[PDB]
Amino acid sequence: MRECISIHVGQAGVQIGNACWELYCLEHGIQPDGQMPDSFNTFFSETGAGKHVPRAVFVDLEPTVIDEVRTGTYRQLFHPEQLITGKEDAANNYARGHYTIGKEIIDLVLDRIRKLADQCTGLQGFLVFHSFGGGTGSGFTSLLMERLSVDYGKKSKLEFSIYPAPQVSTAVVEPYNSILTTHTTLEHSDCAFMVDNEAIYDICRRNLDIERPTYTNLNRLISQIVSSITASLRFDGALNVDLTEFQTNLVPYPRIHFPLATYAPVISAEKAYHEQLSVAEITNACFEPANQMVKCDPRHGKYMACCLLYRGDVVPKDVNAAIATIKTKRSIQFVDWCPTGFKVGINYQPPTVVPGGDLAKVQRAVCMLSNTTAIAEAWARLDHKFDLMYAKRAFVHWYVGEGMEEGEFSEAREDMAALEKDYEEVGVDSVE
Amino acid sequence: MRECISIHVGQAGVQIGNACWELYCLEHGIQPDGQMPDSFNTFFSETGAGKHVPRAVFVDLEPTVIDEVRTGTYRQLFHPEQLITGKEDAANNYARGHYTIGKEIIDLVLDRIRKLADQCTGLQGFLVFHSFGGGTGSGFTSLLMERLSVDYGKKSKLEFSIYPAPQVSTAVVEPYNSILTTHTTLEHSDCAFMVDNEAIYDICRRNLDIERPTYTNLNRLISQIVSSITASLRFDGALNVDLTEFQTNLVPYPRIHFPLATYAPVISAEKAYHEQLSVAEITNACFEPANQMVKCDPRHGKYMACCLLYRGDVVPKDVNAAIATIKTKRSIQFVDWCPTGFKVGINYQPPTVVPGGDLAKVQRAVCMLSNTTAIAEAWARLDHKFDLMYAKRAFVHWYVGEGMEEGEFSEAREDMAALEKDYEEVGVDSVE
Amino acid sequence: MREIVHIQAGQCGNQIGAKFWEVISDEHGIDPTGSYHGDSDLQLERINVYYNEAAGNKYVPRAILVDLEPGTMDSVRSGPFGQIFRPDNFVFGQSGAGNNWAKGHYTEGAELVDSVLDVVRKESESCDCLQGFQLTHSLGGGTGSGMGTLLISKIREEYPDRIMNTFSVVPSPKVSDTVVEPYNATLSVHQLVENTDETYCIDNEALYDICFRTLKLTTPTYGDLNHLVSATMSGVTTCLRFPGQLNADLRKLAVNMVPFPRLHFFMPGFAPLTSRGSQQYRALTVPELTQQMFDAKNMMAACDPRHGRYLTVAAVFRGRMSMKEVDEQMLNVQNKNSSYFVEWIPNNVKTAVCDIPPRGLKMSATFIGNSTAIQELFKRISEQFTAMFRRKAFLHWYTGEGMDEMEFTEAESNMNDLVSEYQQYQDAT
Amino acid sequence: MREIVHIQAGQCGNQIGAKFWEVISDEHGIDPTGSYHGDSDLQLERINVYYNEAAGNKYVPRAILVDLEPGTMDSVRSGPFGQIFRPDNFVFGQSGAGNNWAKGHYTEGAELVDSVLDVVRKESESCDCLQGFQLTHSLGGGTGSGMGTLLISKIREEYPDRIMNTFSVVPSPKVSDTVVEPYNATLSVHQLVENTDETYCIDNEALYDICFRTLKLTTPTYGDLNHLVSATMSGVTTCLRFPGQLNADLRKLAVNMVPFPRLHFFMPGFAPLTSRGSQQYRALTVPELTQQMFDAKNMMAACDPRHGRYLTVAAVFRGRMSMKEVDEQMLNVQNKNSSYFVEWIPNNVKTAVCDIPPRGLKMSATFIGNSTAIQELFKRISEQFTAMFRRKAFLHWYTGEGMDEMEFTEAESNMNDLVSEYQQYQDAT
Ligand SMILES: Nc1nc2c(ncn2[C@@H]2O[C@H](COP(=O)(O)OP(=O)(O)OP(=O)(O)O)[C@@H](O)[C@H]2O)c(=O)[nH]1
Ligand SMILES: Nc1nc2c(ncn2[C@@H]2O[C@H](COP(=O)(O)OP(=O)(O)OP(=O)(O)O)[C@@H](O)[C@H]2O)c(=O)[nH]1
Ligand SMILES: Nc1nc2c(ncn2[C@@H]2O[C@H](COP(=O)(O)OP(=O)(O)O)[C@@H](O)[C@H]2O)c(=O)[nH]1
Ligand SMILES: Nc1nc2c(ncn2[C@@H]2O[C@H](COP(=O)(O)OP(=O)(O)O)[C@@H](O)[C@H]2O)c(=O)[nH]1
Ligand SMILES: [Mg+2]
Ligand SMILES: [Mg+2]
């Protein structure tokens with residue numbers, strides 16, 4: 001009844017959803033054929049037969065990552081008109097995602113969204129999975145978020161982005177694509193959840209004791225995040241939280257809407273024992289700076305709003321016993337104007353484990369969604385990676401020749417400079 | 001008891017009926033031998049034995065397409081005096097269909113009609129299947145519709161024409177044959193249903209996922225149209241509609257009687273799943289401009305009368321829930337003088353699937369018959385294709401030498417110009 | 001029904017037809033004797049158009065083979081498939097035309113033409129409902145030019161409502177094969193414009209290129225050229241002899257392709273044309289057959305279509321194929337080459353699809369092109385005519401046979417009345 | 001989708017491609033005939049990029065093999081995997097370039113280039129959505145330099161939005177293989193900077209070291225050198241033909257590696273490269289494949305990267321491997337060699353991982369390096385050019401073929417306009 005559709009843009013967006021829709025089918029007993037041998041209605045529309053299909057739009061400008069879904073295990077699950085392919089990728093070109101190739105199938109994608117929104121009766125919002133590095137996840141998403149705010153406007157549009165790491169990069173023009181995609185998604189997206197690869201590389205090595213983590217394994221941890229956010233919709237909880245409540249509790253200013261996700265417990269099977277995992281133990285794990293999933297130091301900043309989404313065997317008095325200690329600790333400091341920096345959610349359902357997964361079966365979990373000042377250090381790097389490249393006008397002819405103006409980069413950089421001084425304006429205390 | 005005979009003119013008319021009478025025999029359990037191991041009386045007269053024959057007149061001026069029926073699967077079905085052949089075709093010559101060759105067997109065809117009309121006790125009207133391109137479907141039909149209005153007059157004569165596409169043509173003198181056949185069929189035919197090949201090429205490629213559609217496959221979709229129009233006669237419905245009701249609800253002016261058909265759902269077997277196909281889903285498919293079967297843009301015009309013919313598992317309250325939303329939508333606009341632009345029909349029987357067919361088994365269907373202003377763009381092309389050819393007097397000696405006057409083209413063009421300004425007179429709003 | 005009487009004139013018209021009745025007998029499964037030996041009843045469904053049924057379950061070709069010397073008929077009746085013709089149909093003289101139009105049309109042709117038309121009238125009354133007559137001849141020879149165009153003027157007076165399509169081998173630009181071929185062509189085109197409903201200009205220079213370039217034949221004989229002509233000839237009437245999904249005939253190709261009654265001079269094309277090795281390295285699809293037709297190097301008339309505009313285009317296809325795949329490609333060549341088609345005929349592409357393929361092929365095409373590009377065919381001949389006639393060269397071999405100079409002055413003016421019409425509708429807007 | 005038309009020019013470009021289509025047919029499991037004989041459907045999933053599907057379940061390579069003498073094509077069509085090409089694609093002349101750029105670009109090249117582009121336009125329209133054209137040629141020869149760079153200037157005018165990557169065998173520092181190779185190189189680099197989106201400089205001296213030092217081959221033939229070139233060539237488009245965990249293509253390698261549109265001259269590298277005995281004594285891990293690339297002795301362009309700075313670096317990996325193990329090593333070489341990478345491009349390492357390994361290997365890498373180290377490649381040639389040109393030596397073999405001295409003055413100034421740009425962005429802060 002409280003339906004929520006999802007969009008998957010770019011190669012990063014599809015491979016995340018390949019783990020997410022793997023995870024959702026195990027939480028509801030759903031076969032890969034759509035079979036199951038009433039709470040699943042928020043993601044699964046029902047057919048006339050006993051077959052359920054997901055409310056998902058997989059879009060890419062190149063057909064390779066889509067065809068592996070079309071030939072993979074989940075061939076029989078997805079509606080084949082939802083698996084949208086272009087011909088040529090945007091190919092790490094924001095202009096090709098936004099002007100050249102993206103305009104060719106943007107009317108096809110909005111058509112598939114509008115067919116999903118008509119069969120939804122209580123549609124809450126959107127889950128856009130993309131990245132900041134690739135041209136599709138930057139250009140086509142920013143083209144798409146322009147169109148969804150025109151057609152809907154008041155729906156709560158959520159993004160789950162793959163933020164580019166400080167020292168770990170896979171593409172050279174990642175500083176170009178990330179600045180350009182944020183200048184457009186700023187006035188449109190309501191709350192964009194940053195996720196970094198290097199921090200999950202830190203977590204999969206240390207916390208999971210995996211020597212060699214794969215992109216299969218990183219997408220499992222992002223799936224546990226998005227499942228725990230929509231756990232209160234898909235299941236009955238002791239204290240529920242809707243997607244409309246997240247943008248209310250976490251976004252103090254319309255510019256600052258970039259929290260960073262954090263999941264706990266992340267332990268292997270050999271460490272599934274040897275600790276009891278109380279709600280005090282898993283909550284102190286989240287505010288520990290080594291366990292976050294964006295490479296930022298929260299001790300170098302201040303939290304503005306934290307959102308603890310518990311699930312499973314969770315006792316609400318022990319929740320308050322866990323949380324009230326953290327406000328006393330000096331390493332967790334808040335901003336002066338925010339005495340109430342907490343939103344707490346509890347679900348009765350534990351997170352299940354995917355077979356072949358690296359996480360272990362735990363009785364309780366927590367998905368921290370914390371908006372902090374410490375992300376301003378991440379944007380201070382990314383402008384510094386931008387200002388070194390753009391001063392020599394590197395790679396600009398790849399973007400000018402695809403329809404973009406050279407003066408548009410000065411618009412995106414000065415606006416990002418205006419976004420950078422917003423955290424400095426919020427991060428200071430109040431006079432008198 | 002409510003009998004309705006059908007006439008099939010030209011190679012297009014016969015090959016449509018080869019799928020139509022294939023379809024009717026499967027809806028009534030009729031073997032190709034006329035056997036079945038009381039509602040079929042509207043098309044099948046009964047013999048003394050347990051053998052039923054169709055009320056059909058197949059006429060062509062060349063014997064090739066008739067002899068394939070005489071040697072095909074349905075040899076034992078048809079009365080061999082109804083399979084009328086000439087010797088030489090009209091051969092894309094309207095004058096040879098109307099003056100030279102058509103006069104030779106027009107008295108034979110009217111004799112076979114009059115033998116069918118005598119054994120009908122409640123004869124409602126005619127179903128003339130022809131095309132606008134061929135000389136037989138243009139010349140012989142226009143000769144025939146002159147004679148049936150003389151002999152009957154008050155019977156409701158319906159045409160199912162193959163309208164020539166804007167960019168897809170099979171013959172060169174299609175602009176000549178289409179203008180000449182419409183000048184004659186205007187004052188005689190009560191309601192002529194336009195069908196285009198290029199739009200079914202669009203539907204068979206996109207909606208059916210067929211790479212290579214055949215004229216076998218295009219005639220299946222036209223058969224599903226004509227079956228769903230006569231579904232209310234041949235079967236008992238929750239809200240029935242007779243052929244006399246179609247000309248009443250859809251023809252506001254005696255000149256404008258050219259609706260365009262639209263069928264839904266058109267989905268394959270792999271897309272038979274993955275959607276639930278409500279009556280809300282299949283009704284929004286019809287008013288979508290990509291799913292119509294004449295290459296016209298209804299957003300460039302206004303609907304004058306729409307006729308939704310539902311069949312199968314259809315609930316009449318959900319019908320009103322589907323239809324009342326469409327009047328609110330901006331892309332569907334009506335003419336100012338028509339607040340009630342709808343005729344709704346519901347049958348209890350689902351459309352069955354022909355084995356070897358490309359459509360899938362669905363629980364419900366809809367045959368939209370919508371008269372719109374957007375067909376005036378189609379006639380504006382066809383005069384423009386006429387005015388370029390006729391100004392150089394191209395191909396006129398093929399028509400003058402077969403008995404036609406050169407001044408008769410100026411009569412047909414000025415009359416079509418008078419028909420073109422009729423849509424401009426109707427398409428405007430009312431003063432005060 | 002719709003029967004066709006095949007007439008052959010000249011040495012060339014006999015050698016084309018002797019290969020043509022080899023193709024028709026292989027399509028219908030006919031033995032060297034005349035008896036049916038195919039597999040399906042579709043071959044005998046429309047057997048009557050090119051065959052009369054004789055007694056004893058044998059079929060004879062409805063063919064009338066005309067020459068003025070017995071040298072070619074003895075090659076026909078003694079070779080393969082020569083024992084299938086009726087010996088009454090071989091109407092040959094003794095004197096020979098002497099490669100002369102006047103000896104073919106006035107002196108030796110008129111001493112035989114009454115013995116031909118009585119065989120024509122015998123075959124025409126044996127037809128149930130006659131479709132029309134196809135004639136195979138040249139324009140460079142004496143019998144095919146003289147006796148051939150004498151047969152057309154006598155038949156059109158007797159049978160005016162029937163179609164009269166000729167397969168005229170038009171002479172070549174680079175080489176000649178006859179010194180007086182500008183005289184034989186221009187005096188025949190005078191007779192073709194008034195009495196033929198359509199005419200298929202084939203050039204031997206163009207078939208020399210197609211056998212060399214396209215088919216990769218280093219040593220092509222006449223039997224290899226005539227198999228390419230007969231593949232067109234059977235491909236024109238393949239929808240009349242077999243069921244198709246869009247049937248055409250000789251009257252559909254007449255009405256659609258002749259916008260003005262003089263301008264009925266066509267260029268044919270055939271596809272696919274592949275070598276022995278180069279056929280397994282190619283996918284036989286409808287977009288491949290389409291782009292093979294509309295270029296320059298597959299035209300059997302030696303003129304580049306890029307020098308002019310197509311007036312009308314017919315594409316008769318054979319074999320099981322899909323109509324959208326056809327109708328997209330017929331649209332596709334009209335969009336990218338909109339300057340190459342004439343503008344004031346919108347959608348100038350005739351489509352025909354026969355269900356029965358040729359023997360040993362999956363699908364095949366037969367191109368019929370009516371362009372202004374054959375004005376250079378008649379600009380060249382009328383230049384070669386006027387260069388010879390202004391010195392009155394070779395005039396006494398025609399003046400001695402009953403002709404005056406006024407016959408040449410009318411025939412040369414008639415061709416310049418024809419060239420000025422193709423130039424008129426090329427510059428037309 | 002995203003199909004590639006492979007073009008070969010020169011004797012060198014044919015002998016590379018004849019080994020290159022040996023590798024591609026082994027990766028996709030293709031027999032000598034052209035039929036599929038692999039095991040998985042992943043080989044046929046993206047078969048269409050380098051192959052057209054012919055009738056009878058056979059695949060032909062989408063290759064256009066161009067030469068000016070028939071000596072090399074007869075070696076191709078008679079050797080192994082020569083019966084797989086279409087015989088229409090072998091477009092060869094008779095005169096031969098004579099190891100001359102002017103005879104390859106003006107006189108004998110222009111008499112063949114119209115017969116090549118019609119095969120290019122035939123293969124381009126057979127593509128569904130064209131990705132772009134890859135060309136294999138040299139810069140020392142006459143056909144690969146003349147006819148090759150003539151094909152680029154004609155294609156870029158016809159297809160401007162497509163990528164045009166060339167695999168140019170650049171001449172060597174120590175030895176020459178052509179007396180007029182400073183003339184053939186500089187006149188070709190004039191055509192490469194204006195019409196190619198990227199260009200992979202390979203040197204034969206560098207492959208001589210890699211076969212001797214790294215692979216321990218005492219007697220390497222050309223067939224052993226070209227297997228190292230083709231391992232790079234298949235490794236560039238391996239993410240386009242197979243699923244990967246981070247897919248790249250020819251446009252991702254174009255945008256990431258070309259910071260300025262002239263500076264698109266790359267050096268390739270391949271890893272692993274082991275001997276027969278020395279392969280079981282080595283662990284094939286991602287840190288081993290990483291450190292094998294970024295040194296000097298694995299560069300296929302004969303210049304030490306330590307003399308300059310890497311502008312941009314692409315590392316396309318093959319086989320199942322872990323991304324952290326990749327992303328640590330791509331970081332690890334940037335920390336310890338921060339003076340060796342350019343400073344004002346932070347994080348200048350492009351990463352690509354394909355899931356499908358090469359045949360018989362567990363994992364493999366393909367290095368694409370864009371450094372300022374190839375300014376010494378053009379400092380050497382422009383010095384060898386100016387030494388020959390100031391005496392006007394060998395000028396009359398080009399002046400006699402339609403060229404003036406102004407062509408050399410522009411081409412030499414264009415290369416010194418290129419050397420001054422690599423020197424500009426090496427000293428840039
Ligand atoms: N977390 C996570 N990130 C991924 C995964 N796969 C790719 N990425 C990220 O995707 C980013 C590049 O964007 P892509 O999705 O690969 O490219 P794209 O969005 O399709 O745009 P194109 O350049 O046109 O291909 C890289 O920086 C990776 O960090 C994955 O499996 N998990
Ligand atoms: N929808 C549909 N149209 C067809 C089919 N077959 C032929 N046509 C149409 O028929 C038109 C030509 O008319 P024909 O029926 O072939 O010719 P005719 O009416 O017999 O008149 P003649 O020229 O004398 O043969 C073409 O424009 C085609 O669009 C078919 O199977 N389905
Ligand atoms: N295509 C083709 N043309 C031929 C053949 N034999 C002769 N011709 C042409 O016929 C012309 C000569 O005409 P011909 O019939 O021999 O003279 P006629 O007997 O007096 O009519 C020459 O221009 C030849 O090009 C042949 O086998 N095939
Ligand atoms: N890598 C490689 N280079 C070659 C091979 N054969 C020739 N070359 C190079 O090609 C250059 C000569 O060019 P070539 O193609 O023979 O001259 P062309 O035919 O006129 O273009 C020489 O500098 C050689 O270094 C080969 O098998 N492998
Ligand atoms: Mg991608
Ligand atoms: Mg017909």
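FYI, residue positions are counted from 1 along the chain as it appears here.
According to its header, the structure was obtained by electron microscopy, 3.7 Å.
From the backbone N, Cα and C atoms, a Cβ is placed for every residue, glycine too.
Some features that Swiss-Prot has for this protein:
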ACT_SITE  B:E245  active site
BINDING   B:10-12, B:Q15, B:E62, B:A90, B:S131, B:134-137, B:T170, B:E174, B:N197, B:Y215, B:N219, B:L243  GTP binding site
BINDING   B:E62  Mg(2+) binding site
CROSSLNK  B:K317  ubiquitin cross-link
CROSSLNK  B:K361  ubiquitin cross-link
MOD_RES   B:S39  phosphoserine
MOD_RES   B:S223  phosphoserine
MOD_RES   B:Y273  3'-nitrotyrosine
MOD_RES   B:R330  omega-N-methylarginine
MOD_RES   B:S430  phosphoserine
MOTIF     B:1-4  motif 'MREC motif'
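Mapped onto this structure are the features recorded in Swiss-Prot.
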residue : record                 : DSSP class
B:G10   : GTP binding site       : helix
B:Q15   : GTP binding site       : helix
B:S39   : phosphoserine          : coil
B:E174  : GTP binding site       : helix
B:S223  : phosphoserine          : helix
B:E245  : active site            : helix
B:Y273  : 3'-nitrotyrosine       : coil
B:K317  : ubiquitin cross-link   : helix
B:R330  : omega-N-methylarginine : coil
B:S430  : phosphoserine          : coil
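It is 40 Å from the Cα atom of B:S39 (phosphoserine) to that of B:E174 (GTP binding site). Summary for the recorded positions B:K317, B:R330, B:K361: the Cβ-based neighbour count within 10 Å is maximal at B:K361. Within its own chain, B:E174 (GTP binding site) has B:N92, B:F132, B:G133, B:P164, B:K385 as residues 6 or more apart in sequence whose C-beta sits under 8 angstroms from its own. Reduced to three states, the DSSP call for B:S131 (GTP binding site) is strand. Note: the Cα of B:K361 (ubiquitin cross-link) and the Cα of B:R330 (omega-N-methylarginine) are spaced 33 Å from each other. Cβ-based crowding with a 10 Å cutoff singles out B:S131 as the top-ranked of the binding-site residues B:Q15, B:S131. Within the same chain, the residues at least 6 positions away from B:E245 (active site) whose Cβ sits under 8 Å from its Cβ are B:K343, listed in sequence order.
On the backbone, the CA of B:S131 (GTP binding site) and the CA of B:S430 (phosphoserine) stand 36 Å apart. Around B:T136 (GTP binding site), the same-chain residues at least 6 positions away in sequence with a Cβ under 8 Å from its Cβ are B:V9, B:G10, B:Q11, B:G13, B:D60, B:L61, B:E62, B:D89, B:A90, B:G97, B:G102, B:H130. The subset of recorded positions B:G10, B:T136, B:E174, B:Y273, B:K361 lying near chain A, with Cβ atoms under 8 Å apart, consists of B:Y273.
For the residue listed as 'omega-N-methylarginine', the nearest neighbour among the recorded positions B:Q15, B:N219, B:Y273, B:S430, judged by Cα separation, is B:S430. Shown are the recorded positions B:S39, B:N219; of these, the residue with the fewest other Cβ atoms within 10 Å is B:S39. Cα distances from B:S223 (phosphoserine) to the recorded positions B:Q15, B:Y273, B:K317 are smallest for B:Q15. Taking 8 Å as the upper bound (exclusive) on CB-CB distance to chain C, the recorded positions B:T136, B:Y273, B:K317, B:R330, B:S430 give none. In the shown protein chains, 30 other C-beta atoms lie within 10 A of the C-beta of B:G10 (GTP binding site). There are 23 other Cβ atoms within 10 Å of the Cβ belonging to B:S223 (phosphoserine).
Rounded to the nearest whole angstrom, the C-alpha distance between B:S430 (phosphoserine) and B:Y273 (3'-nitrotyrosine) is 47. You'll find the Cα of B:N219 (GTP binding site) roughly 24 Å from the Cα of B:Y273 (3'-nitrotyrosine).
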